[PDB]
Amino acid sequence: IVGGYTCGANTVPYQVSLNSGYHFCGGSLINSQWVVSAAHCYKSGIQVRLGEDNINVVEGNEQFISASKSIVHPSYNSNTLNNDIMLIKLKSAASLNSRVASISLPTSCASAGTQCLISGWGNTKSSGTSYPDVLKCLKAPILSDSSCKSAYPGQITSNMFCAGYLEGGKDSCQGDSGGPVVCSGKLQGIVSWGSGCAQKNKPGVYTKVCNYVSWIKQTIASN
Ligand SMILES: *[C@]1(=O)[C]([C][C][C][N]C([N])=[N])[N]C(=O)[C]2[C][C][C]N2C(=O)[C]([N][C]=O)[C][N]C(=O)/[C]=[C]/[C]([C]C2=[C][C]=C([O])[C]=[C]2)[N]C(=O)[C]([C]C2=[C][C]=[C][C]=[C]2)[N]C1=O
């Protein structure tokens with residue numbers, strides 16, 4: 001997260017870290033044993049880390065659970081990152097408490113101008129390389145589709161939305177992928193991609209979760 005702030009320990013209880021010897025992607029806990037993340041973060045043998053704040057120091061509050069199965073969306077396209085979403089079933093159900101809790105799926109899509117909270121352990125520099133120990137947060141609005149389409153000509157699908165600042169300065173970045181974009185208490189997006197980080201007229205692009213609620217529920221009810 002570039003231009004964000006320290007969230008505060010366990011203030012974003014649904015945020016999870018996807019670890020494979022190191023943090024590589026984020027994710028969101030939507031059920032005691034299901035987390036949603038980006039399809040492009042797919043890896044075999046993923047250990048999900050819940051109740052995490054400082055990813056580099058064991059603070060005793062966290063839970064480490066291996067992924068039982070990863071289900072990538074049937075129409076995921078690596079060439080365009082369209083349908084960049086995947087469900088991960090946990091090997092064991094998480095102990096939901098105050099420091100660990102699931103986030104609700106949306107009932108309708110969020111409009112442009114809606115303020116959301118984006119979080120993750122990704123790079124904090126536009127140019128440099130600096131990964132934070134503690135979780136970073138950022139408040140950013142959902143941008144209009146026209147603005148999104150003009151920033152990324154011919155690259156935006158109906159399953160993506162832009163969020164952030166058109167003048168740059170604040171944005172998600174490498175390492176935030178798969179992470180949550182929560183608006184008014186509902187998970188509306190998943191960190192997907194962008195051209196650089198925090199660049200003028202190059203806002204972050206996120207998977208539009210509201211288009212996959214039926215798929216998510218059905219997948220959970222049959223797996
Ligand atoms: C995600 O954390 C990022 C989020 C970027 C948000 N940016 C923003 N809001 N402005 N997503 C990406 O990097 C996506 C997926 C792949 C292509 N993406 C892009 O945004 C690219 N855009 C234009 O070129 C730029 N991305 C990169 O170059 C990312 C490179 C690194 C290193 C790397 C890893 C695997 C490769 O095959 C090539 C290069 N990738 C990351 O940092 C990943 C996390 C990761 C994945 C696998 C192993 C290790 C780390 N970050 C994300 O996917």
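Order of appearance sets the numbers: ligands from 1, and atoms from 1 within every ligand. Note that these values count all heavy atoms, side chains included, but never hydrogens, waters or copies made by symmetry. Along the sequence shown, residues are numbered consecutively beginning with 1.
Proximity annotation for atom 14 (C) of ligand 1: of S192, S177, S195, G26, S192 comes nearest, heavy atoms only. Within the set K202, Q174, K43, the minimum heavy-atom distance to atom 25 (C) of ligand 1 is found for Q174.
Distance check on atom 16 (C) of ligand 1: every protein heavy atom falls at or beyond the 4.0 Å cut-off. Of the protein's heavy atoms, at least one falls inside 4.0 Å of atom 20 (O) of ligand 1. Within the 4.0 angstrom cut-off, atom 9 (N) of ligand 1 has one or more protein heavy-atom neighbours. Closer than 4.0 Å to atom 52 (C) of ligand 1 lies at least one heavy atom of the protein. There is no protein heavy atom less than 4.0 angstrom from atom 34 (C) of ligand 1. For atom 38 (C) of ligand 1, the nearest protein heavy atom lies 4.0 Å or farther away.
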Apply the test ring pair (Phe, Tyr, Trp, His ring centres under 6.0 Å) to residues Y152 and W193: give CA-CA distance (whole Å), side-chain angles for both, the deciding distance (0.1 Å), then the verdict. CA-CA 11 Å; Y152 295 109; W193 63 280; 4.9 Å; yes
Should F24 and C41 be marked as a side-chain contact (heavy atoms from CB on, under 4.5 Å) after you check the CA-CA gap, both sets of side-chain angles, and the distance that decides it? CA-CA 8 Å; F24 65 98; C41 289; 4.3 Å; yes
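Atom 18 (N) of ligand 1 has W193 CB, 4.1 Å as its closest protein atom, hydrogens excluded (heavy atom only). In terms of protein heavy-atom proximity, atom 22 (N) of ligand 1 is nearest to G194 O, 3.0 Å.
In this structure, the side chains of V205 and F161 stay at 4.5 Å or more apart for every pair of heavy atoms.
When non-hydrogen atoms are compared, ligand 1 lies under 4.0 Å from the side chain of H40 (C-beta onward) but not from its backbone. Looking at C173 against ligand 1, only its backbone comes within 4.0 Å, counting heavy atoms. Only the side chain of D171 comes within 4.0 Å of ligand 1, judged by heavy-atom distances.
Ligand 1 is never approached by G122 to a heavy-atom distance shorter than 4.0 Å.
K136 and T124 are not linked by any side-chain donor-acceptor pair at a separation below 3.5 angstrom, with hydrogens and angles left out of the test.
For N123 (side chain) and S130 (main-chain N/O), a donor-acceptor pair under 3.5 Å exists by modelled atom type. Side-chain atoms of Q188 never come within 3.5 Å of backbone atoms of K208 as a donor-acceptor pair (strictly under, hydrogens ignored). The backbone N or O of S119 sits less than 3.5 Å from a side-chain atom of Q15, completing a donor-acceptor pair. In terms of modelled atom types and a separation under 3.5 Å, the side chain of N10 and the main chain of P13 share no donor-acceptor contact.
The two atoms that bring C173 and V2 nearest to each other are CB-CG2, 4.0 Å, heavy atoms only.
For ligand 1, the atoms lying closer than 4.0 Å to a non-hydrogen atom of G196 are 7 (N), 8 (C), 10 (N). The ligand atoms of ligand 1 that sit less than 4.0 angstrom from a heavy atom of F24 are 44 (C), 45 (C), 50 (C). Interface atoms of ligand 1 facing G175, defined by a heavy-atom separation under 4.0 Å, are 1 (C), 2 (O), 51 (N).
Counting non-hydrogen atoms of other residues, nucleotides and ligands closer than 6.0 Å to NZ of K43 gives a total above 12. Residue-environment remark: NZ (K149) stays at or below the threshold of 12 foreign heavy atoms within 6.0 Å.
Backbone and side-chain nitrogen or oxygen atoms of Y131 are examined, and none is located within less than 3.5 angstrom of a nitrogen or oxygen of ligand 1. Note: an N/O pair closer than 3.5 Å links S172 and ligand 1 by distance alone. On a distance-only criterion, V191 and ligand 1 share no N/O pair closer than 3.5 Å.
Using a 4.0 Å cut-off between a side-chain N of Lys or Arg and a carboxylate O of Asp or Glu, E167 and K200 qualify as a salt bridge.
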